[PDB]
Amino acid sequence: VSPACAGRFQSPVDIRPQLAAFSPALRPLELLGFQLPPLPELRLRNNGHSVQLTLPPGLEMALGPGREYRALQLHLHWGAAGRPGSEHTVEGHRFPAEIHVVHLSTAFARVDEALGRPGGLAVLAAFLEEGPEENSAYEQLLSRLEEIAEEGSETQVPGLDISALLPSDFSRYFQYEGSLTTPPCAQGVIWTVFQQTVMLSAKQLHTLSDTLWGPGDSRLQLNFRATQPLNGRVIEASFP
C-alpha cells in the first residue's frame, strides 16, 4: 500500500552463511557511549507495533573508518506460542525473537534527510534464542512490559548498558543493504546481523510474546515481515 514496499532491495532476508562473501575490510564494530548511567531515564513505549526504547545522545557507532552513526532507538520482533518471530532467518530457520538498534549517519542531521539515502540509516540486529539462564540485561526491559500492555501506553525506565543486550564477538557479523521492515520501507539501510546469538529463558520469551496488546482487542504477536528476495545482493561476512 506504500509502493516503496515493492522495491527490489527490501529487508528482511534469509541469510545463507556459506554463500556469504568474506571481506577482510569488514573490521570489528566499534560501539562507544553505550554504558548508560541510571540517570536520566529513557522512554519505553508500546506503539501497538513493537516495544520501543528511546535512546539518548552520545551513543556512537562505526561500521568502518570514517563511517559513523549515532543510536536513535531500539525495538524487538517476536512470534507466538510455538511459533518463532525473528525477522531475518538463517538457512530458513526462524529464531524466537530479534533485537534491532537503529542509528543515523553523522552525515545527516535529520532522519527524514537520511530515508532513501545510501547508508543514511544503519541497524544492528541480533537473534534471541532460548537458553537455561535468566538474562539480566533483557529482564530490565521485559520486567516492564506489564505496565505498558495497553497500546499507546508508555513508561520511563532507568538507564542501562545497551551494549549488554548484544552478543559476545563484535568481529563476527553479516552485512547487506536493504530497507526498513515497516512502511515506509525506505531503501539504503545498512543491516548488520551478529553471527552469535543472545540467550533468554523460556519464561522471558513467553513474556515477550504474550504480555502486550496491539490493534483494538488483539495480542501484539508475530510482528515480523516475510522474507524478501536478495535480487542479486550478496551478503558479506566479517569472518572466513
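Numbering starts at 1 and runs along the sequence shown.
The deposited model assigns a higher average Cα B-factor to 52-60 than to the other stretch when 174-182 and 52-60 are compared.
Two stretches are in play, 109-117 and 131-139, and the higher mean C-alpha B-factor belongs to 131-139.
Considering 80, 124, 74, 165 together, the PDB entry gives 80 the largest C-alpha B factor. Within the selection 33, 38, 66, 28, the deposited Cα B-factor values reach their highest point at 38. Ranked by C-alpha B-factor against the other modelled residues of its chain, residue 7 falls in the lowest third.
Residue-level temperature factors show residue 90 in the middle third of its chain, judged at the C-alpha atom. Among all modelled residues in this chain, the alpha-carbon of residue 101 has a temperature factor (C-alpha) in the lowest third. Among all modelled residues in its chain, residue 220 ranks in the highest third by Cα B-factor.
Sort the modelled residues of the chain by CA B factor and residue 211 lands in the highest third.
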